Amino acid sequence: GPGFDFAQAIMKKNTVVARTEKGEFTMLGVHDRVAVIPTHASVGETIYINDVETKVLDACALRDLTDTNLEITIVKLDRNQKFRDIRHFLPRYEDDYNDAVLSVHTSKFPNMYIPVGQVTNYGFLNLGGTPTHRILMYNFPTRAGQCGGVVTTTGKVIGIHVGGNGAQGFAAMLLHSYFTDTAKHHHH
Ligand SMILES: *[C@@H](O)[C@H](C[C@@H]1CCNC1=O)NC(=O)[C@H](CC(C)C)NC(=O)OCc1ccccc1
């Protein structure tokens, strides 16, 4: 069946409730003090993490080389706790997946597992008015309150939930190379 045990281990050790001016989002911690949140959360200079105001030391809204939104924002947080390093659970490449789980961690839903079934590399989506790339699709009627939700199969953390049209849901891909130590460049 679905990898419920894996999703639960990821929720236990690597998720927190994040709250911006746009409301609450499940937030996946990736390594050290680096986490991700859907870009439409509109992250600013500070953010609530588990209802604790926290300094946002960096925020990078990912876009691809066509200058198209990827709907992922990576943040660096001023907190004492380190996140378990889960980078080795991220996919190297784009892919399709079987029998995935969507897990939510908010105030309203502290832990929440939804089997969404098959996940297809959808590609381009006009995501409520914003052209977006690298989208994963599942045939499940996801709802408000689920954004940021972590999409997993066993051994792989494959994306975070960003939208849904009433019949399908949509996640932004997570790729391993989003989080490697790289080069020295001016990004703001
Ligand atoms: C989470 O903030 C929320 C989840 C949507 C909401 C309804 N059901 C879901 O799964 N995301 C959005 O509302 C999202 C925000 C954009 C700025 C990314 N917009 C959205 O989902 O629009 C509906 C739609 C999605 C895909 C094709 C056509 C319409």
# chains A, B, ... in the order shown; residues from 1 in each chain; ligands from 1
>>> closest_atom_pairs(of="chain A", to="ligand 1", cutoff="12 Å", atoms="only C-alpha atoms and all ligand atoms", output="CSV")
residue,atom,partner,partner_atom_place_in_ligand_line,distance
A:19,CA,ligand 1,2 (O),11.6
A:20,CA,ligand 1,2 (O),11.6
A:22,CA,ligand 1,2 (O),8.4
A:23,CA,ligand 1,2 (O),8.4
A:24,CA,ligand 1,2 (O),8.5
A:25,CA,ligand 1,2 (O),7.4
A:26,CA,ligand 1,1 (C),9.8
A:37,CA,ligand 1,2 (O),10.3
A:38,CA,ligand 1,18 (C),7.8
A:39,CA,ligand 1,18 (C),7.7
A:40,CA,ligand 1,17 (C),5.0
A:41,CA,ligand 1,2 (O),7.4
A:42,CA,ligand 1,17 (C),9.6
A:69,CA,ligand 1,18 (C),9.9
A:70,CA,ligand 1,18 (C),10.0
A:71,CA,ligand 1,18 (C),7.1
A:72,CA,ligand 1,18 (C),10.2
A:102,CA,ligand 1,10 (O),11.1
A:104,CA,ligand 1,1 (C),11.2
A:106,CA,ligand 1,1 (C),12.0
A:116,CA,ligand 1,10 (O),11.9
A:122,CA,ligand 1,26 (C),11.3
A:124,CA,ligand 1,27 (C),10.3
A:125,CA,ligand 1,27 (C),6.6
A:126,CA,ligand 1,27 (C),6.0
A:127,CA,ligand 1,26 (C),4.6
A:128,CA,ligand 1,22 (O),3.9
A:129,CA,ligand 1,17 (C),7.3
A:130,CA,ligand 1,17 (C),6.8
A:131,CA,ligand 1,18 (C),9.3
A:132,CA,ligand 1,18 (C),8.7
A:133,CA,ligand 1,18 (C),11.7
A:135,CA,ligand 1,26 (C),10.1
A:136,CA,ligand 1,26 (C),11.1
A:137,CA,ligand 1,26 (C),9.7
A:138,CA,ligand 1,10 (O),10.5
A:139,CA,ligand 1,10 (O),10.9
A:140,CA,ligand 1,10 (O),8.9
A:141,CA,ligand 1,10 (O),7.0
A:142,CA,ligand 1,10 (O),4.2
A:143,CA,ligand 1,8 (N),3.4
A:144,CA,ligand 1,6 (C),4.1
A:145,CA,ligand 1,1 (C),5.8
A:146,CA,ligand 1,1 (C),5.6
A:147,CA,ligand 1,1 (C),3.8
A:148,CA,ligand 1,1 (C),7.3
A:149,CA,ligand 1,1 (C),8.9
A:160,CA,ligand 1,1 (C),10.3
A:161,CA,ligand 1,10 (O),7.2
A:162,CA,ligand 1,11 (N),5.1
A:163,CA,ligand 1,21 (O),3.3
A:164,CA,ligand 1,10 (O),3.3
A:165,CA,ligand 1,24 (C),4.2
A:166,CA,ligand 1,8 (N),6.1
A:167,CA,ligand 1,8 (N),8.8
A:168,CA,ligand 1,10 (O),7.7
A:169,CA,ligand 1,10 (O),5.2
A:170,CA,ligand 1,10 (O),6.8
A:171,CA,ligand 1,10 (O),8.9
A:172,CA,ligand 1,18 (C),9.9
>>> residues_around(residues="residue 49 in chain A", least_positions_apart="6", cutoff="7 Å", atoms="only C-alpha atoms", output="ChimeraX atom specification")
/A:16-19
>>> write_last_selection(atoms="N, CA and C atoms", output="PDB file, in the first residue's frame")
ATOM      1  N   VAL A  16       6.885  21.847  10.462  1.00  0.00           N
ATOM      2  CA  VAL A  16       6.471  22.837  11.445  1.00  0.00           C
ATOM      3  C   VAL A  16       5.318  23.612  10.832  1.00  0.00           C
ATOM      4  N   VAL A  17       4.547  24.266  11.698  1.00  0.00           N
ATOM      5  CA  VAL A  17       3.476  25.168  11.287  1.00  0.00           C
ATOM      6  C   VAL A  17       4.063  26.550  11.069  1.00  0.00           C
ATOM      7  N   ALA A  18       3.901  27.081   9.862  1.00  0.00           N
ATOM      8  CA  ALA A  18       4.378  28.408   9.511  1.00  0.00           C
ATOM      9  C   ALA A  18       3.171  29.282   9.215  1.00  0.00           C
ATOM     10  N   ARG A  19       3.225  30.534   9.665  1.00  0.00           N
ATOM     11  CA  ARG A  19       2.127  31.483   9.502  1.00  0.00           C
ATOM     12  C   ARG A  19       2.713  32.813   9.048  1.00  0.00           C
TER      13      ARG A  19
END
>>> residues_around(residues="residue 153 in chain A", least_positions_apart="6", cutoff="9 Å", atoms="only C-alpha atoms", output="list in words")
residues 2, 3, 4, 6, 7, 97, 98, 99, 100 and 101 of chain A
>>> closest_residue(among="A:62, A:177, A:77, A:150", to="residue 28 in chain A", atoms="only C-alpha atoms")
A:150
>>> closest_residue(among="A:156, A:13, A:8, A:186", to="residue 87 in chain A", atoms="only C-alpha atoms")
A:156
>>> select_by_dssp(residues="range 6-184 of chain A", states="strand (DSSP E or B)", output="JSON, numbers by chain")
{"A": [15, 16, 17, 18, 19, 20, 23, 24, 25, 26, 27, 28, 29, 30, 31, 32, 34, 35, 36, 37, 38, 46, 47, 48, 49, 52, 53, 54, 55, 56, 57, 58, 59, 60, 61, 62, 63, 69, 70, 71, 72, 73, 74, 75, 76, 77, 83, 97, 98, 99, 100, 101, 102, 103, 104, 112, 113, 114, 115, 116, 117, 118, 119, 120, 121, 122, 123, 124, 125, 126, 127, 130, 131, 132, 133, 134, 135, 136, 137, 138, 150, 151, 152, 153, 156, 157, 158, 159, 160, 161, 162, 163, 164, 169, 170, 171, 172, 173]}
>>> write_last_selection(atoms="C-alpha atoms", output="compact mmCIF listing (two decimals), in the first residue's frame")
# COMPACT_ATOMS: atom_id res chain seq x y z
CA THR A 15 7.58 19.70 9.63
CA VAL A 16 6.47 22.84 11.45
CA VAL A 17 3.48 25.17 11.29
CA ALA A 18 4.38 28.41 9.51
CA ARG A 19 2.13 31.48 9.50
CA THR A 20 2.57 34.56 7.29
CA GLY A 23 -2.36 32.38 6.79
CA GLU A 24 -0.97 29.04 7.89
CA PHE A 25 1.06 26.58 5.82
CA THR A 26 2.65 23.21 6.44
CA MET A 27 6.40 23.86 6.29
CA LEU A 28 8.96 21.18 5.46
CA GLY A 29 12.39 21.53 7.05
CA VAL A 30 15.12 20.18 4.79
CA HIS A 31 18.46 20.59 6.59
CA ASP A 32 20.08 22.81 9.20
CA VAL A 34 16.59 25.72 5.83
CA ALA A 35 12.94 24.96 5.01
CA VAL A 36 10.47 25.39 2.13
CA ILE A 37 7.04 26.96 1.79
CA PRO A 38 4.79 27.68 -1.23
CA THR A 46 9.72 37.52 10.03
CA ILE A 47 7.51 34.45 10.20
CA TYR A 48 5.66 32.51 12.91
CA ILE A 49 7.03 29.00 13.39
CA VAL A 52 6.92 31.72 17.70
CA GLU A 53 8.01 34.78 15.78
CA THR A 54 11.17 33.96 13.91
CA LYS A 55 13.59 36.03 11.87
CA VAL A 56 13.70 35.04 8.18
CA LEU A 57 17.42 35.33 7.36
CA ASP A 58 17.00 34.51 3.66
CA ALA A 59 14.11 33.77 1.31
CA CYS A 60 14.64 32.70 -2.30
CA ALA A 61 11.55 32.34 -4.52
CA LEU A 62 12.58 29.70 -7.05
CA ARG A 63 12.11 30.38 -10.79
CA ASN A 69 7.55 30.64 -11.24
CA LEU A 70 8.30 27.27 -9.64
CA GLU A 71 6.06 28.13 -6.61
CA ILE A 72 8.76 26.98 -4.12
CA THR A 73 10.38 29.44 -1.70
CA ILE A 74 13.42 28.30 0.29
CA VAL A 75 13.88 30.04 3.62
CA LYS A 76 16.69 30.20 6.17
CA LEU A 77 15.37 30.68 9.71
CA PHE A 83 16.28 20.01 11.09
CA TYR A 97 5.26 8.17 -8.81
CA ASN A 98 2.86 5.56 -7.50
CA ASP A 99 0.56 5.63 -4.52
CA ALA A 100 1.80 8.79 -2.82
CA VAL A 101 0.74 10.31 0.51
CA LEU A 102 -0.04 13.98 1.17
CA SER A 103 0.54 14.99 4.81
CA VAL A 104 -0.56 18.22 6.49
CA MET A 112 -3.19 14.45 8.66
CA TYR A 113 -2.44 11.79 6.04
CA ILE A 114 -4.19 11.65 2.67
CA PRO A 115 -3.42 8.90 0.11
CA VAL A 116 -3.61 10.68 -3.25
CA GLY A 117 -2.73 7.67 -5.45
CA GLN A 118 -0.80 8.21 -8.69
CA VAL A 119 1.34 11.32 -9.17
CA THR A 120 2.19 12.49 -12.67
CA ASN A 121 4.85 14.92 -13.83
CA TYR A 122 2.30 17.44 -15.14
CA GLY A 123 4.67 20.22 -16.25
CA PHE A 124 3.09 23.58 -17.08
CA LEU A 125 0.07 24.79 -15.13
CA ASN A 126 -1.62 28.18 -14.96
CA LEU A 127 -1.84 28.09 -11.16
CA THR A 130 0.33 32.48 -12.26
CA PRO A 131 2.13 30.50 -14.99
CA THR A 132 4.12 27.77 -13.21
CA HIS A 133 6.50 24.96 -14.21
CA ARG A 134 7.56 21.60 -12.80
CA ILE A 135 4.13 20.78 -11.37
CA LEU A 136 3.13 17.33 -10.08
CA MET A 137 -0.51 16.25 -10.38
CA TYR A 138 -2.74 13.84 -8.50
CA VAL A 150 4.32 17.18 2.06
CA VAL A 151 3.97 14.69 -0.82
CA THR A 152 5.82 11.40 -0.30
CA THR A 153 6.30 7.89 -1.49
CA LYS A 156 11.22 9.93 -1.36
CA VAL A 157 10.06 13.44 -0.48
CA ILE A 158 8.83 14.60 -3.87
CA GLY A 159 7.04 17.94 -3.50
CA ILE A 160 4.86 20.31 -1.49
CA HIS A 161 1.21 21.00 -2.20
CA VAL A 162 0.42 24.35 -3.84
CA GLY A 163 -3.03 24.24 -5.50
CA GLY A 164 -6.11 22.35 -6.61
CA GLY A 169 -4.33 18.58 -6.61
CA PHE A 170 -0.97 20.11 -7.55
CA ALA A 171 2.43 20.07 -5.89
CA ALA A 172 5.66 21.88 -6.74
CA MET A 173 8.56 19.49 -7.31
